[PDB]
Every structure is written in structure tokens, then in C-alpha cells.
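Protein chains in written order, with the entry's author numbering: chain A, 0 to 67; chain B, 1 to 67; chain B', 1 to 67; chain A', 0 to 67; chain B'', 1 to 67; chain A'', 0 to 67. A prime marks a further copy of an entry chain.
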């Protein structure tokens with residue numbers, strides 16, 4: 000289960016875990032593997048479709064909250 | 001506790017700063033409690049805030065929240 | 001050494017990342033070794049890559065090449 | 000010979016020097032003087048006809064590799 | 001001061017760049033001083049300039065005017 | 000008088016104020032209200048009839064020079 004080995008579906012849970020299920024799609028289409036998450040930057044999220052800041056933040060912080 | 005401020009809890013805060021004119025976006029962007037705590041100049045720029053005196057007012061209202 | 005990777009050397013790499021589905025363009029665009037080392041989000045977007053998880057996979061495969 | 004004083008033909012060599020002779024034409028038509036090179040941006044190259052990324056890159060890096 | 005360059009003031013400038021062959025359009029389009037200061041790649045493309053080396057020459061002659 | 004509330008005639012002055020009176024017509028026909036001005040883009044101007052760059056620029060800059 001290493002954060003870095005999360006298959007695309009592993010990530011999905013996570014988001015669902017943040018109540019951001021509504022993003023499970025794209026995050027899946029863009030083959031967002033475990034590791035990928037760990038480096039998403041505001042722009043990646045913008046390219047990934049996320050726009051409500053409170054969500055980028057929510058996702059972004061859900062990340063530091065991961066590696067760490 | 002800020003850490004759990006619903007989107008409406010934040011609203012008050014802004015209104016407490018006399019920045020009510022921003023309660024909209026801050027609400028649309030689902031700016032939860034925690035989110036505030038990490039806004040960076042850019043987030044505010046993306047959030048619509050532009051008058052520096054306001055970005056600062058909001059940003060310091062944050063430093064003046066966690067600490 | 002990457003710095004001299006012919007267009008086919010790069011190909012392997014991609015295939016090493018399981019991104020074989022990109023070996024085409026990367027070859028058409030005469031993506032030599034050095035070129036890789038400087039691809040920027042845009043180059044990848046121009047290069048056809050779009051699934052973020054891939055741009056990242058490629059980009060990090062690069063940081064994970066020079067360093 | 001100052002990079003900034005390269006006449007249009009000076010540039011030409013350079014490209015030929017990168018094995019990008021196939022671009023000597025346009026680069027010449029667009030009166031690409033020495034200095035001009037120094038500021039080409041992805042778009043200039045796209046307007047200049049270059050499309051194979053590996054070439055824009057090759058040219059672009061041939062530039063930092065110049066001024067510097 | 002550029003900021004007030006009449007259409008003919010601009011003309012000299014171009015001629016100073018050895019881009020006299022453009023003094024026409026730049027004059028027709030009533031390219032006043034200030035206008036120059038904001039030309040963007042497109043304006044030049046609309047203005048007729050096409051040889052990149054010239055758009056650049058003009059554009060930098062501008063950066064090299066305000067600053 | 001809020002830039003955004005300029006009636007069609009309010010705009011007119013402005014243009015006349017830029018010595019672009021020769022455009023007061025179209026700008027009036029196209030019911031160019033205050034706010035409208037604030038978002039004109041090169042194309043709007045082209046559709047609006049303005050063609051001498053120095054004028055689009057003049058108008059365009061007369062705008063940033065407004066909101067700001």
C-alpha cells in the first residue's frame with residue numbers, strides 16, 4: 000500500500016476519502032498513480048479539472064498529510 | 001475551531017474583517033476552515049482578491065488565527 | 001549517457017516507464033537525449049502527452065535522470 | 000563575431016552547426032540576426048516553421064548555450 | 001518623449017532600426033508614440049510585419065524604449 | 000458616472016475624449032454600454048469597425064486606463 004505504489008484505484012479511495020469523489024473520474028483518466036499525487040502542483044490540478052480553491056487546497060493538503 | 005469552519009463559518013470571519021464583498025467566491029470555492037489556513041498570495045489572486053491591502057488583510061487575519 | 005541518447009535510446013526509456021504508447025511522437029519530434037532533459041509541461045502538451053499522471057511520470061523520469 | 004552581431008549568414012552556420020541546415024532558409028528569410036536568436040521563444044520557432052520539438056529544444060538550448 | 005511621439009516621430013525610430021520599409025503602415029495605422037509601447041506579436045502581424053527577426057527587432061526596440 | 004454604468008452616450012464622450020469621435024457611430028449602434036467597453040478585445044474592435052491599430056491600441060489602452 001505504499002503511498003507511492005497506489006494504483007489508480009488506490010488514489011480514488013483517497014479522494015473519496017476526502018469527499019472529493021466527484022474527481023475520481025479525471026484522476027483516473029489521467030492515470031494519476033500513487034506517486035503522481037505526491038507532486039501535483041496547483042497547475043496540475045487546474046489541468047486536472049479542479050477549480051474550487053477549497054478543493055485544490057483540500058487535495059494539496061491531503062498530500063503533505065500523506066508523504067509526511 | 002477554525003480547523004472545522006464550514007464554508008459559512010469562514011464567511012463570518014471575512015465579514016469580521018469587513019471583507020464581506022468576498023463572501024461569495026470564498027463560498028463558491030468551498031473555502032473550508034482549513035483551506036484558509038493555507039491560502040497563499042496566488043490562491044487569493046485565483047480567488048479574486050486583488051487589492052493588496054486586502055490580500056494582506058486576509059493573510060494576516062490568518063496568521064492571526066493559527067498562532 | 002543520456003546526453004547522447006539517439007532517438008531510439010529515448011524510446012527504450014519510455015518503454016521502461018511503460019509509456020511505449022508515446023514512442024511514436026517522441027521519435028517523430030526527433031527527441032534526442034538532451035531534449036528530454038529540458039521538456040517542460042508545454043513541450044509534453046505539444047508532444048501529445050495529456051494524462052497528467054503521464055506528464056508527471058515522464059517529467060520525474062527526467063529529474064530521475066539528470067540528478 | 001559577437002553573438003549579438005551575427006549577420007544573417009552567421010546564424011546560418013550555427014544552425015548548420017547543429018545539423019539543422021534544413022532551417023537555414025526561413026531563418027534567413029525572417030532576417031534572423033544574431034541578437035534575434037537570443038530571444039526566440041517557442042512561438043517564434045513555431046512561426047519560424049520549426050515543429051519537431053527535439054528541434055525547437057535543440058535550437059533553444061543551442062541558445063542558452065550561446066549567450067552564457 | 002516616446003509617450004507623445006507623433007506618427008512621424010515613430011517613423012524616424014523605425015528608420016533608426018533600418019526598418020524604413022514599414023514606415024508606411026506604421027503611419028497609416030496612426031501608430032502614435034504610446035501605441036508602440038504596447039504592440040504585441042499580433043499587432044505586428046496585423047501591422048504587416050512577418051519576418052520574425054523584424055517583429056523581434058521592433059519589439060526589443062520597444063523594451064529598449066520604455067525601460 | 001461609474002465606468003460600468005456609462006450609458007451609450009457616456010461612452011461617446013470618452014471616445015471624443017480620445018479624439019476618436021469618428022467611431023461614436025458604431026459604438027453607439029452596437030449599444031456599447033459602459034461595461035461593454037471594459038471587455039472589448041481586439042476582435043470586438045475589428046467587428047466594431049476599428050482597423051488602424053493605433054486606434055485599437057488607443058482605445059484598448061484608454062480602457063485599462065479606465066477600470067484601473
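Every residue, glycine too, gets a C-beta built ideally from N, C-alpha and C.
Using a Cβ-Cβ distance cut-off of 8 Å, the segment 30-39 of chain B'' and the segment 25-45 of chain A'' are not in contact, since fewer than three pairs of beta carbons, one from each stretch, lie closer than that value.
For residue 30 (chain A) and residue 55 (chain B'), the gap between their C-alpha atoms comes out near 10 Å. One Cα belongs to residue 59 (chain A), the other to residue 2 (chain A), and the distance between them is close to 14 Å. Within chain A', 29, 30, 31, 32, 35 have C-beta atoms less than 7 Å from the C-beta of residue 53 (chain B''), given in sequence order.
When the beta-carbon positions are compared, residue 17 (chain A') and residue 61 (chain A') come within less than 8 Å of each other. Excluding sequence positions up to five before and after residue 25 (chain B), its CB lies within less than 7 Å of the CB of 47, 48, all in the same chain and listed in chain order. Contact annotation for residue 57 (chain B) against chain A: no contact, minimum CB-CB distance about 18 Å [criterion: below 7 Å].
When secondary structure is reduced to three states using DSSP, residue 3 (chain A'') falls in the coil class, being assigned neither helix nor strand. In the structure shown, the three-state DSSP call for residue 10 (chain A') is helix. When Cβ-Cβ separations below 8 Å define contact, residue 24 (chain A) makes no contact with chain B'. Listed along chain B'' are 52, each with a C-beta nearer than 8 Å to that of residue 47 (chain A'). Any Cβ of chain A closer than 8 Å to the Cβ of residue 60 (chain B') would place that residue at the interface, and such an atom is present. Close CB contacts of residue 5 (chain A) within its chain, under the 6 Å cut and outside five residues either way in sequence, are with 33 (chain order).
Annotation: Cβ neighbours of residue 42 (chain B'') in chain A'' (cutoff 8 Å, chain order): 41. The three-state reading of DSSP puts residue 30 (chain B) in coil, since its state is none of H, G, I, E or B. A distance below 7 Å between beta-carbons, with the five flanking residues on each side excluded, links residue 15 (chain B'') to the following residues of its chain, in chain order: 23. For residue 3 (chain B''), there are no neighbours in chain A'' by C-beta distance under 8 Å, as the nearest C-beta there is about 11 Å away. Counting the other Cβ atoms within 10 Å of the Cβ of residue 57 (chain A'') gives 16 or more, which makes it buried. Taking CB atoms only, residue 16 (chain B) has no neighbour in chain A less than 8 Å away. From the listed residues A:43, A:10, A:0, the smallest Cα separation to residue 50 (chain B') is found for A:43. 8 Å or more divides the Cβ of residue 12 (chain B) from the Cβ of residue 27 (chain B). Relative to the Cα of residue 52 (chain A''), the nearest Cα in the group A'':0, A'':65, A'':19 belongs to A'':19. In its chain, beyond the 5 residues on either side, no residue has a beta carbon closer than 7 Å to the beta carbon of residue 21 (chain B').
Taking residue 8 (chain A') as the centre and dropping the five residues before and after it, the same chain places the C-beta of 27 closer than 8 Å to its C-beta, in chain order. In the DSSP assignment, residue 20 (chain A'') falls outside any alpha helix (DSSP H), carrying neither H nor E. Straight across, the Cα-Cα distance linking residue 65 (chain B'') with residue 63 (chain A'') is about 21 Å.
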